[PDB]
Amino acid sequence: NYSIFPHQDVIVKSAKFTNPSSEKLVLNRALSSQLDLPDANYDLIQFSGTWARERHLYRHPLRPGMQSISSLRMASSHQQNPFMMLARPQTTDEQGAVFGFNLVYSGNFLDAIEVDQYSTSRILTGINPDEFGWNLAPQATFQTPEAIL
Amino acid sequence: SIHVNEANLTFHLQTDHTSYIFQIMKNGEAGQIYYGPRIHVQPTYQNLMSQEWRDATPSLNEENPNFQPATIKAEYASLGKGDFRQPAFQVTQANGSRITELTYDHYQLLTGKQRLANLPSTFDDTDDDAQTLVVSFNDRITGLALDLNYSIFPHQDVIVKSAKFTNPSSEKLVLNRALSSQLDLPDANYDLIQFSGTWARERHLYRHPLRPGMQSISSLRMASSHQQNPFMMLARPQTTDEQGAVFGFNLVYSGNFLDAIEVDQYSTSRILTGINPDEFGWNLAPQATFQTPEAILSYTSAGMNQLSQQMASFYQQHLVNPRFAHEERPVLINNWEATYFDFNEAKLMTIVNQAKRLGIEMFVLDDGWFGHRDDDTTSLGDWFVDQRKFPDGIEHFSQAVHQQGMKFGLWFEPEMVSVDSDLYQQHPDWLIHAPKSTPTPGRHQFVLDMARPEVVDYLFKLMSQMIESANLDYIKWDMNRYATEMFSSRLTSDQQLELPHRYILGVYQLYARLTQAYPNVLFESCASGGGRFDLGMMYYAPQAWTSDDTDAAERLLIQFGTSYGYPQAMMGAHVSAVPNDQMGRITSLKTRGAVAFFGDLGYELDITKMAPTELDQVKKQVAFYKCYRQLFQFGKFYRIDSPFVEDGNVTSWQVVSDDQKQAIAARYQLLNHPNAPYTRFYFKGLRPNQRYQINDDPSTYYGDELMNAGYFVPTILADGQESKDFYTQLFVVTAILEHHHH
Amino acid sequence: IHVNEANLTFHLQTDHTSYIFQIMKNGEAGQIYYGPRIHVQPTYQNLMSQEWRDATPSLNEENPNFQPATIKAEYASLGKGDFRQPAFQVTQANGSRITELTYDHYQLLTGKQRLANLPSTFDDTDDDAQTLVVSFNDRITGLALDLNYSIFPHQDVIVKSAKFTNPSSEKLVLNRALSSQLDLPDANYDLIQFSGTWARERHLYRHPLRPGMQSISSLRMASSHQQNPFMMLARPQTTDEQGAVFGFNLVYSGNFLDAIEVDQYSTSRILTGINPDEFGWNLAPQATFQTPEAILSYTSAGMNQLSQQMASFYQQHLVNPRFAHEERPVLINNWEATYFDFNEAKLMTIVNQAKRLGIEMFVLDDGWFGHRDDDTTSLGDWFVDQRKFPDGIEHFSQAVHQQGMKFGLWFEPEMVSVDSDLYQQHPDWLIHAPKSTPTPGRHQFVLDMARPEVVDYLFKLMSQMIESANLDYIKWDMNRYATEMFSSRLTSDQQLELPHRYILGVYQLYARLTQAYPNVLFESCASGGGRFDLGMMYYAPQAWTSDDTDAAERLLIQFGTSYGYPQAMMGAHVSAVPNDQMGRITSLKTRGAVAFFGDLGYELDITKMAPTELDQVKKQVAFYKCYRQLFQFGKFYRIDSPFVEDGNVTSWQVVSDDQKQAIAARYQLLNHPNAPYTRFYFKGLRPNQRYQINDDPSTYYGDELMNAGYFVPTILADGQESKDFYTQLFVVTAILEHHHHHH
Amino acid sequence: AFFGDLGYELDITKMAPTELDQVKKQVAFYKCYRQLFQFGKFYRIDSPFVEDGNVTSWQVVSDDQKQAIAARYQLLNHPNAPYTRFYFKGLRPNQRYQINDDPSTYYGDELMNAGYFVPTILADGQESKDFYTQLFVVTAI
């Protein structure tokens with residue numbers, strides 16, 4: 001699913017799984033949004049902390065392999081918030097290219113940016129794959145929470 | 001335009017996009033208010049001129065404790081009245097004292113901008129809405145008179161600054177220091193961006209945050225360095241070629257300079273540029289005056305490309321010799337790296353006849369044609385034919401070329417004198433030399449005393465005679481060493497510190513008088529390849545031999561660095577022999593050429609020695625260059641991928657025509673790597689809503705496609721034949737003009 | 001020091017470093033190497049290799065490859081093919097500025113003697129020092145130059161200077177006379193400087209070198225508040241714990257230059273000495289000129305090590321020996337307590353309370369002379385003000401002394417107010433440029449110290465006061481910067497000699513006062529730390545570090561000062577709150593705890609304090625006294641730096657000689673909730689020695705405390721006080737008893 | 001707390017009359033501008049996450065840009081300080097504004113490009129000068 005809200009430059013994404021078949025299927029992982037990008041010259045900006053010190057801003061250049069924030073506490077945590085940004089190195093509050101990403105969801109989440117062998121980026125947001133598995137019986141459906149891009 | 005508020009003595013210069021604002025204050029001196037993006041004219045700026053008490057620093061007086069020069073942004077400060085920052089000037093009296101108390105007297109607002117009388121300088125010949133503000137002062141102590149000149153060039157966002165000192169008093173005054181411009185800024189969050197290097201590796205880009213105290217670049221070499229160029233920038237930390245606030249500063253002068261930046265106790269910046277205060281002293285007699293070179297200032301919010309481009313336009317209309325500033329430059333051939341000293345009119349006509357066949361348009365006869373010069377060791381100053389290699393003198397050779405359809409130019413090194421030459425037997429007193437000192441050679445030669453008018457006259461005669469004798473179309477004017485043990489016997493003992501500057505003035509006299517007399521001869525300035533690549537020269541000679549380094553990969557860094565302060569129209573660039581004579585690199589003829597297109601193309605190798613296939617490639621290169629010459633030489637220049645940022649393995653820039661309907665981009669890669677990421681090239685400078693075609697690719701692209709999403713470029717693959725290193729990808733972009741329902 | 005006379009290779013060896021240079025083909029001295037110690041060798045043909053580079057002059061035609069632009073020099077001039085900045089320059093009668101030094105002879109002495117008229121370094125402690133004097137002559141003017149180099153092997157210090165001699169018959173002018181030049185082979189260093197201003201001196205700044213000039217300087221006839229003469233060149237990864245670093249300081253107190261130039265070939269010239277700007281010295285025939293001394297030093301063991309050795313060097317070979325090692329008294333000063341609003345009776349209440357607290361010395365500050373009821377009058381009238389002292393000062397000190405206490409008072413000698421008896425007696429004594437409008441500084445002007453009549457008048461006035469009032473101590477302040485510089489005592493040509501002469505004058509005064517009354521402790525001052533330099537420590541073993549006496553601000557100021565100066569040199573007073581300079585409020589515990597790491601003093605109206613507050617102070621004083629030797633002279637380690645990271649935590653440590661006692665301190669500026677666990681890492685202890693910390697009953701091996709750390713209790717809210725600006729103190733005691741160890 | 005949803009969480013019965021009065025005016029000030037505080041377009045300016053983070057600043061602006069409020073916060077006061085210059089965002093360049101009780105009127109572009117000079121934070125011997133707030137109410141003429 002792709003919902004365009006032209007006047008705010010927002011795109012909303014989700015996935016929906018239907019099992020028209022007759023055999024039992026299990027979803028081990030069901031993310032709301034994957035974004036693949038031509039390069040990796042971006043900073044991941046994130047919001048981390050804990051109780052009484054939530055959502056301080058951290059800003060780190062992407063590097064090959066995995067960088068992610070996530071919760072396993074059945075709540076989007078105090079520790080890591082679902083909203084994240086990929087910004088160009090020279091981007092500021094006042095100027096420059098940048099992407100925002102959020103989750104309309106309040107449980108276990110995952111924000112993940114993977115830089116692969118060719119220096120491209122994959123951005124994954126949605127329900128945390130760890131501690132998750134939906135039993136999708138014949139004719140059943142699974143709707144993922146919406147991702148705000 | 002320039003707005004004055006007489007009631008308040010507020011001076012506000014507005015370019016199309018910037019404001020430079022200064023005010024006369026209770027103590028009579030000028031005080032900098034603001035310089036940045038344009039703001040509304042006001043009668044006065046009280047809030048910005050707010051003063052607060054600060055401890056442990058001197059005050060004006062007891063009625064004004066809070067008036068403290070240490071915390072007041074100045075426009076042209078002295079040292080000794082409470083400010084301990086670096087001064088813009090300094091004057092010594094007869095009694096030893098160095099105190100000056102400038103006080104405002106009157107101003108003057110003139111339309112346009114006239115040349116200075118004896119210095120290269122800026123002008124408004126083109127109804128471009130320039131104005132000049134002259135603001136005068138008198139010293140309460142010495143009677144000294146000072147004019148500060150600010151000229152607004154509104155359409156290129158450029159301000160030009162200089163000082164003229166006048167002595168209407170009856171007592172001798174010594175100018176210990178006379179800078180061209182001072183800017184005081186309220187903060188110090190900038191990077192200093194400079195252009196440093198040396199011979200064969202000039203003007204590499206260096207970028208550094210400001211720190212408390214002094215950070216300067218300068219020259220003592222009696223010339224603007226190979227080591228340090230006068231052009232500099234203050235960029236905000238996040239500013240790039242594509243976006244952001246940045247100040248640019250330059251200096252129309254070719255002698256000793258200072259670009260200095262002091263960050264003081266209050267994290268404020270002072271930017272001073274002008275003649276280097278070191279090895280400088282000027283005796284200002286009664287009724288005497290002294291004019292400083294012009295500093296060039298500019299600001300933009302729109303990034304460093306924007307900065308370069310408006311200063312480039314400014315130089316093109318307001319500084320560079322008008323006779324050539326917009327005239328296509330010829331594709332020359334040179335015999336320097338081709339043969340060096342080993343030649344004569346015989347082997348030199350073989351290269352001339354071959355030149356014509358390739359489409360080349362001018363032959364330059366380089367070093368070796370005079371006196372008995374077969375070594376780099378003899379004959380400098382003997383500017384007449386070497387009859388060993390030119391039996392019938394030069395008139396003959398220059399004619400053989402004129403008839404093959406080609407312009408002819410030749411080489412001179414006027415300021416120099418070789419010990420083994422006719423000049424040193426006739427005028428040994430014309431060598432620059434300290435009395436009991438042991439002379440120090442540089443390239444086995446010494447330098448003429450250019451402060452001597454007679455020497456300038458002797459040189460104007462030799463070159464006049466020679467330009468008429470041979471019908472010269474061009475002159476390469478070199479300068480191959482740095483003066484040593486400076487002393488002139490013509491000057492008083494009190495006048496010795498006047499030498500470096502009087503010397504440069506003498507250089508200017510010569511250039512001035514030659515260009516006056518032969519307005520049609522094209523000059524190329526040279527100093528071992530641009531150890532004098534500066535605006536001072538560009539006034540007279542509209543191009544310079546960028547660098548003696550002719551290697552394609554090294555030229556990438558030099559041309560890329562130089563483009564910050566100077567348009568490609570100003571950089572000579574030659575395709576040369578491989579492996580490179582200076583450091584030994586092997587490049588493809590395709591690359592060496594592609595790098596030279598973004599300048600004033602020319603060739604500097606033995607073309608007689610080429611196989612028929614190579615010969616034909618040159619021929620195609622020259623035609624292609626000619627086809628697109630208006631765009632290579634004068635096109636709006638854009639830097640893209642920088643060699644000075646990250647691995648610096650990829651370099652890319654682009655040129656775009658006035659209407660933006662045509663462009664040529666080039667991407668260069670030093671080292672080729674295996675299993676490579678896809679290439680995506682982002683074009684700059686196009687029209688978003690204009691469709692384009694790119695080389696022989698069938699598809700059409702809107703400009704926002706090419707700029708935003710970029711253009712996919714095929715991987716560089718090994719073919720077993722040649723090295724994939726130092727590799728070039730050209731992109732000829734052309735509008736598809738057509739009605740369309742977008 | 002090892003000389004190879006056959007090759008004229010001079011090679012200096014300290015315990016761990018080697019400074020090596022060589023006399024060269026053209027007669028000038030060529031720098032070879034300065035770095036960790038390397039073996040003595042007759043010649044270093046390898047290190048001295050020369051190659052042809054283009055577009056730069058060569059010596060002559062026989063040696064194309066001898067090019068001064070690519071040759072590391074020891075003391076270079078401009079004009080001979082080198083275009084870098086020169087160490088010196090000389091103008092002849094004819095205007096020529098060319099100079100051709102040519103080596104003639106050398107001399108090797110033992111120890112090190114003071115300089116005649118300048119503060120300087122000495123070896124009177126039989127410490128294996130040596131002085132090498134390398135003399136040259138100019139082929140052009142006949143001028144002679146002595147290059148001095150004293151080795152101090154045990155602190156890894158080499159001290160440098162220059163002395164110019166004119167044996168010719170013609171006048172010579174020195175336009176530039178630096179004290180030290182050092183050329184290094186590369187430019188991969190960070191320049192570390194100490195910049196600031198009044199009430200915020202000497203914050204640390206750390207920047208990578210770049211092509212061109214990066215310097216810091218002073219044009220204010222003092223090393224400034226703004227820039228200190230001490231600097232470092234660190235390798236990029238050097239820290240306080242590990243790594244290579246050079247240190248440069250200067251025994252001078254006037255205009256200085258610290259300059260580092262990276263040339264076209266990425267080499268570095270470090271120049272240090274008198275600021276070439278606003279300077280020029282007329283050298284008549286038979287005349288001489290001595291530069292102030294440059295201190296040089298290197299280590300591979302990091303910046304703590306650099307400060308520590310340099311500090312051992314200063315304590316043994318620079319500081320006034322009368323006080324170098326003597327514990328400094330706990331004092332109280334009435335400045336921030338009363339300001340000008342006081343009289344004898346009011347001050348007696350202070351002196352009396354001060355005593356019951358255990359304080360050891362009272363210091364009467366500004367206001368006792370002439371009619372000082374303001375800061376705009378009587379500056380110059382160094383005699384008793386009878387409105388506030390009816391029976392002269394002699395009485396008030398008699399009282400102080402009968403109390404078993406010491407007495408000190410405040411002068412500002414170099415200064416003159418227009419409303420003053422002095423001005424009406426010698427107006428011509430004000431530094432003033434003939435036609436100019438006099439520019440006030442804190443409503444005062446400066447005396448021409450360049451005149452020997454002035455020094456005599458001041459010496460007489462001050463000694464009369466030391467004898468009359470039996471002074472134990474003098475605070476010698478200096479509260480504005482000179483302006484419109486001129487001396488009628490000097491000719492037109494000598495005007496560029498005022499700044500240095502004025503400084504020599506100050507030394508003259510300190511020199512005569514300290515020789516005639518050597519039991520007087522001089523605390524140097526300049527609106528706080530506006531002259532905080534080696535030049536003054538020679539005479540005055542301690543300086544008033546900053547007028548800023550806020551706890552939080554001092555952390556920064558002291559941390560930075562310690563890179564260049566040991567705590568023995570830093571006065572520090574516990575002041576009142578909310579701080580008068582900038583308004584911060586701080587616990588009395590913290591103000592106390594930042595001030596222990598220096599020379600503790602009190603600058604508050606203790607007559608206006610509650611009983612519990614008084615008791616707190618009494619205990620700070622007993623505590624400080626108990627550990628005074630440790631606090632003032634113990635080896636100093638910086639740990640956590642307010643100049644690294646977010647700067648929220650500053651910590652340091654002083655350690656005894658035998659490493660059996662230590663006091664550490666951690667200060668946090670801002671408290672944060674739900675915090676990480678604190679681990680403090682002690683430095684400077686003996687690995688296998690067992691220690692105890694405060695009242696914690698456990699015993700720890702040095703290596704536990706240094707490698708694993710010490711867990712420290714989180715700072716918690718208690719509903720009673722702010723937990724900002726918090727201090728944790730750690731008293732470390734060695735357990736001494738027989739023990740069967742398992743190491 | 002103004003830059004959000006204002007609320008109180010303390011024993012207001014333990015305060016004194018003048019503190020009580022301060023909260024009274026705090027609340028009236030907030031309601032007067034609640035529409036702009038809660039829903040104005042929000043701009044971050046000086047970030048505590050960049051460099052020393054000693055200074056924090058932000059601003060809310062109305063839809064028509066004729067009205068706005070800014071706040072600059074300073075954790076620790078420092079002596080002998082550089083002059084302060086505050087740069088406003090999001091105003092209209094050619095529109096004239098007033099600021100708090102300043103009598104002058106400034107064009108949008110002065111306030112955004114040149115900045116607005118803010119007086120030093122001075123010690124007064126009465127209160128700490130740490131955690132200091134400078135509030136600018138910005139109104140079109």
# chains A, B, ... in the order shown; residues from 1 in each chain; ligands from 1

$ residues_around --residues "segment 38-44 of chain A" --least-positions-apart "5" --cutoff "6 Å" --atoms "only C-alpha atoms" --output "ChimeraX atom specification"
/A:59-62,85-89,119-121

$ residues_around --residues "segment 40-57 of chain B" --least-positions-apart "4" --cutoff "7 Å" --atoms "only C-alpha atoms" --output "ChimeraX atom specification"
/B:5,8,10,33,66-67,70 /C:198,441,479-481,527 /D:80,107,110,116-117

$ interface_residues --of "chain D" --to "chain A" --cutoff "12 Å" --atoms "only C-alpha atoms" --output "MDAnalysis selection string"
chainID D and resid 42:50 53 58 87:90

$ interface_residues --of "chain C" --to "chain B" --cutoff "7 Å" --atoms "only C-alpha atoms" --output "ChimeraX atom specification"
/C:55-60,79-81,83,94-96,98,140,195-198,211-216,219-220,226,264,433,435-436,439-442,479-481,483-486,492-493,495,527

$ write_last_selection --atoms "N, CA and C atoms" --output "short mmCIF file (atom, residue, chain, number, x, y, z; two decimals), in the first residue's frame"
data_model
loop_
_atom_site.label_atom_id
_atom_site.label_comp_id
_atom_site.auth_asym_id
_atom_site.auth_seq_id
_atom_site.Cartn_x
_atom_site.Cartn_y
_atom_site.Cartn_z
N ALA C 55 62.89 25.76 -9.01
CA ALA C 55 62.32 27.09 -8.78
C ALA C 55 62.64 27.65 -7.40
N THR C 56 63.84 27.36 -6.92
CA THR C 56 64.31 27.88 -5.64
C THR C 56 65.84 27.99 -5.65
N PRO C 57 66.35 29.12 -5.18
CA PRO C 57 67.78 29.44 -5.22
C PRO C 57 68.68 28.38 -4.57
N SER C 58 69.91 28.25 -5.07
CA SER C 58 70.92 27.39 -4.48
C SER C 58 72.05 28.28 -4.01
N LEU C 59 72.90 27.76 -3.12
CA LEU C 59 74.04 28.51 -2.60
C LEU C 59 74.83 29.16 -3.73
N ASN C 60 75.40 28.34 -4.60
CA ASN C 60 76.12 28.83 -5.77
C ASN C 60 76.08 27.84 -6.93
N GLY C 79 66.78 36.28 3.12
CA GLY C 79 67.47 36.96 2.04
C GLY C 79 68.42 36.07 1.27
N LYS C 80 68.67 34.89 1.81
CA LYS C 80 69.69 34.02 1.29
C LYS C 80 69.15 32.77 0.62
N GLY C 81 67.87 32.78 0.25
CA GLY C 81 67.28 31.63 -0.43
C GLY C 81 66.20 30.94 0.38
N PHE C 83 62.82 31.44 2.33
CA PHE C 83 61.71 32.39 2.34
C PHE C 83 60.73 32.19 3.50
N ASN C 94 73.26 51.38 5.73
CA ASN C 94 72.92 51.60 4.33
C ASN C 94 71.55 51.08 3.92
N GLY C 95 70.89 50.36 4.82
CA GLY C 95 69.55 49.88 4.54
C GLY C 95 69.46 48.41 4.20
N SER C 96 70.59 47.82 3.82
CA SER C 96 70.68 46.40 3.54
C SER C 96 70.31 45.55 4.76
N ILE C 98 70.66 42.04 4.56
CA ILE C 98 71.30 40.76 4.36
C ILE C 98 72.27 40.45 5.50
N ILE C 140 79.44 40.11 6.52
CA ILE C 140 79.03 41.39 5.96
C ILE C 140 79.15 42.58 6.92
N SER C 195 44.31 30.10 25.13
CA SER C 195 43.77 31.39 24.80
C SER C 195 42.60 31.70 25.71
N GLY C 196 42.34 32.98 25.94
CA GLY C 196 41.15 33.38 26.65
C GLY C 196 41.04 34.87 26.80
N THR C 197 40.83 35.28 28.04
CA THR C 197 40.71 36.68 28.40
C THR C 197 40.45 36.85 29.90
N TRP C 198 40.22 38.08 30.33
CA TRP C 198 40.10 38.34 31.75
C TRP C 198 38.93 37.53 32.31
N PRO C 211 49.16 24.55 6.04
CA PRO C 211 50.20 25.31 5.35
C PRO C 211 50.11 26.77 5.72
N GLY C 212 51.23 27.41 6.02
CA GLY C 212 51.21 28.81 6.35
C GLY C 212 51.47 29.09 7.82
N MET C 213 51.01 30.25 8.26
CA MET C 213 51.31 30.71 9.59
C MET C 213 50.17 30.46 10.54
N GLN C 214 50.46 29.83 11.66
CA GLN C 214 49.55 29.82 12.81
C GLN C 214 50.39 30.22 13.98
N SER C 215 50.04 31.37 14.54
CA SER C 215 50.81 31.90 15.63
C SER C 215 49.84 32.44 16.66
N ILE C 216 50.35 32.68 17.86
CA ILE C 216 49.67 33.51 18.83
C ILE C 216 50.70 34.50 19.38
N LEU C 219 50.81 42.13 21.88
CA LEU C 219 51.27 43.49 21.60
C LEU C 219 50.97 44.39 22.75
N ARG C 220 50.78 43.83 23.93
CA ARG C 220 50.27 44.63 25.04
C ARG C 220 51.26 44.88 26.18
N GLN C 226 44.99 37.15 27.06
CA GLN C 226 44.45 36.62 25.82
C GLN C 226 45.16 35.38 25.30
N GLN C 264 56.22 24.77 2.05
CA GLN C 264 55.81 24.06 0.84
C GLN C 264 56.10 22.57 0.87
N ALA C 433 52.15 59.67 24.03
CA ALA C 433 52.66 60.11 22.73
C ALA C 433 52.37 61.61 22.52
N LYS C 435 51.34 64.28 20.80
CA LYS C 435 50.16 65.11 20.53
C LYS C 435 48.82 64.40 20.74
N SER C 436 48.89 63.19 21.25
CA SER C 436 47.75 62.30 21.23
C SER C 436 46.82 62.53 22.41
N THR C 439 44.40 57.82 26.47
CA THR C 439 43.31 56.87 26.56
C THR C 439 43.41 56.10 27.87
N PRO C 440 42.42 56.30 28.76
CA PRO C 440 42.41 55.72 30.11
C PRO C 440 42.19 54.21 30.10
N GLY C 441 42.69 53.56 31.14
CA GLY C 441 42.42 52.15 31.36
C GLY C 441 42.04 52.03 32.81
N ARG C 442 40.81 51.61 33.08
CA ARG C 442 40.31 51.61 34.44
C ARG C 442 40.69 52.94 35.13
N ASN C 479 46.79 46.57 36.32
CA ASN C 479 45.39 46.52 35.90
C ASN C 479 44.96 47.22 34.60
N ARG C 480 45.90 47.65 33.77
CA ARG C 480 45.51 48.09 32.44
C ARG C 480 46.60 47.81 31.42
N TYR C 481 46.27 47.94 30.15
CA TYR C 481 47.25 47.76 29.08
C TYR C 481 47.72 49.12 28.53
N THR C 483 48.94 52.23 26.22
CA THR C 483 48.24 52.81 25.09
C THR C 483 49.04 54.07 24.69
N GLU C 484 48.97 54.48 23.42
CA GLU C 484 49.78 55.60 22.93
C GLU C 484 51.22 55.57 23.41
N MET C 485 51.96 54.54 23.04
CA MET C 485 53.31 54.35 23.56
C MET C 485 54.39 55.34 23.13
N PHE C 486 54.98 56.01 24.10
CA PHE C 486 56.07 56.92 23.83
C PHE C 486 56.90 57.13 25.08
N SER C 492 64.23 59.26 18.87
CA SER C 492 63.25 58.87 17.87
C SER C 492 63.46 57.43 17.43
N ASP C 493 64.73 57.07 17.22
CA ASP C 493 65.11 55.76 16.74
C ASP C 493 64.90 54.67 17.77
N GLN C 495 62.41 54.35 19.84
CA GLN C 495 61.04 54.18 20.32
C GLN C 495 60.54 52.73 20.27
N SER C 527 45.32 41.85 37.01
CA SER C 527 43.88 41.69 36.84
C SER C 527 43.57 40.20 36.84
#

$ interface_residues --of "chain D" --to "chain C" --cutoff "6 Å" --atoms "only C-alpha atoms" --output "ChimeraX atom specification"
/D:79,123,125,128-129

$ write_last_selection --atoms "C-alpha atoms" --output "PDB file, in the first residue's frame"
ATOM      1  CA  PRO D  79      32.136  36.039  32.475  1.00  0.00           C
ATOM      2  CA  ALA D 123      25.362  39.044  37.806  1.00  0.00           C
ATOM      3  CA  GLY D 125      24.194  39.502  43.451  1.00  0.00           C
ATOM      4  CA  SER D 128      22.119  32.602  40.029  1.00  0.00           C
ATOM      5  CA  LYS D 129      22.503  33.440  36.377  1.00  0.00           C
TER       6      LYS D 129
END

$ select_by_dssp --residues "segment 250-499 of chain B" --states "helix (DSSP H, G or I)" --output "PyMOL selection string"
chain B and resi 304-318+336-339+345-358+393-403+423-426+428-430+453-470+493-499

$ residues_around --residues "residue 268 of chain C" --least-positions-apart "4" --cutoff "7 Å" --atoms "only C-alpha atoms" --output "PyMOL selection string"
chain C and resi 183-187+260-263

$ interface_residues --of "chain D" --to "chain B" --cutoff "9 Å" --atoms "only C-alpha atoms" --output "ChimeraX atom specification"
/D:80-83,85,93-94,104,106-111,113-120

$ interface_residues --of "chain A" --to "chain C" --cutoff "8 Å" --atoms "only C-alpha atoms" --output "PyMOL selection string"
chain A and resi 50-53

$ interface_residues --of "chain B" --to "chain A" --cutoff "9 Å" --atoms "only C-alpha atoms" --output "number ranges by chain"
B: 237-240, 243-244, 675-678, 680

$ write_last_selection --atoms "N, CA, C and O atoms" --output "JSON list (two decimals), in the first residue's frame"
[["chain", "number", "residue", "atom", "x", "y", "z"],
["B", 237, "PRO", "N", 30.69, 26.39, 8.40],
["B", 237, "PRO", "CA", 31.20, 25.02, 8.50],
["B", 237, "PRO", "C", 30.53, 24.03, 7.54],
["B", 237, "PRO", "O", 31.18, 23.07, 7.07],
["B", 238, "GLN", "N", 29.27, 24.28, 7.21],
["B", 238, "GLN", "CA", 28.51, 23.32, 6.44],
["B", 238, "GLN", "C", 28.38, 23.71, 4.97],
["B", 238, "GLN", "O", 27.68, 23.05, 4.21],
["B", 239, "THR", "N", 29.05, 24.79, 4.58],
["B", 239, "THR", "CA", 28.95, 25.30, 3.22],
["B", 239, "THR", "C", 29.76, 24.43, 2.27],
["B", 239, "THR", "O", 30.83, 23.94, 2.65],
["B", 240, "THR", "N", 29.26, 24.24, 1.05],
["B", 240, "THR", "CA", 29.90, 23.37, 0.06],
["B", 240, "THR", "C", 29.89, 24.09, -1.28],
["B", 240, "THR", "O", 29.55, 25.27, -1.38],
["B", 243, "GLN", "N", 25.89, 24.97, -1.91],
["B", 243, "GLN", "CA", 25.01, 25.68, -0.99],
["B", 243, "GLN", "C", 25.80, 26.33, 0.16],
["B", 243, "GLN", "O", 26.83, 25.82, 0.58],
["B", 244, "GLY", "N", 25.30, 27.44, 0.68],
["B", 244, "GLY", "CA", 25.81, 27.95, 1.93],
["B", 244, "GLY", "C", 26.49, 29.32, 1.86],
["B", 244, "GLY", "O", 26.94, 29.74, 0.78],
["B", 675, "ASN", "N", 34.84, -4.87, -9.32],
["B", 675, "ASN", "CA", 33.53, -5.11, -8.74],
["B", 675, "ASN", "C", 32.98, -3.81, -8.19],
["B", 675, "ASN", "O", 32.79, -3.67, -6.99],
["B", 676, "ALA", "N", 32.74, -2.85, -9.08],
["B", 676, "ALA", "CA", 32.45, -1.48, -8.67],
["B", 676, "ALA", "C", 30.97, -1.15, -8.43],
["B", 676, "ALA", "O", 30.07, -1.71, -9.06],
["B", 677, "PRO", "N", 30.70, -0.24, -7.49],
["B", 677, "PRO", "CA", 29.34, 0.29, -7.36],
["B", 677, "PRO", "C", 28.90, 0.91, -8.69],
["B", 677, "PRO", "O", 29.73, 1.39, -9.46],
["B", 678, "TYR", "N", 27.60, 0.91, -8.96],
["B", 678, "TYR", "CA", 27.12, 1.59, -10.14],
["B", 678, "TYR", "C", 27.54, 3.06, -10.08],
["B", 678, "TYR", "O", 27.66, 3.64, -8.99],
["B", 680, "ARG", "N", 26.68, 6.96, -10.68],
["B", 680, "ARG", "CA", 25.65, 7.93, -11.00],
["B", 680, "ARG", "C", 26.17, 9.37, -11.00],
["B", 680, "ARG", "O", 26.64, 9.86, -9.98]]

$ atom_distance --atom1 "atom CA of residue 124 of chain C" --atom2 "atom CA of residue 466 of chain C"
28.5 Å

$ atom_distance --atom1 "atom CA of residue 663 of chain B" --atom2 "atom CA of residue 576 of chain B"
25.8 Å

$ closest_residue --among "B:385, B:380, B:144, B:130" --to "residue 422 of chain B" --atoms "only C-alpha atoms"
B:380

$ atom_distance --atom1 "atom CA of residue 241 of chain C" --atom2 "atom CA of residue 698 of chain C"
27.4 Å
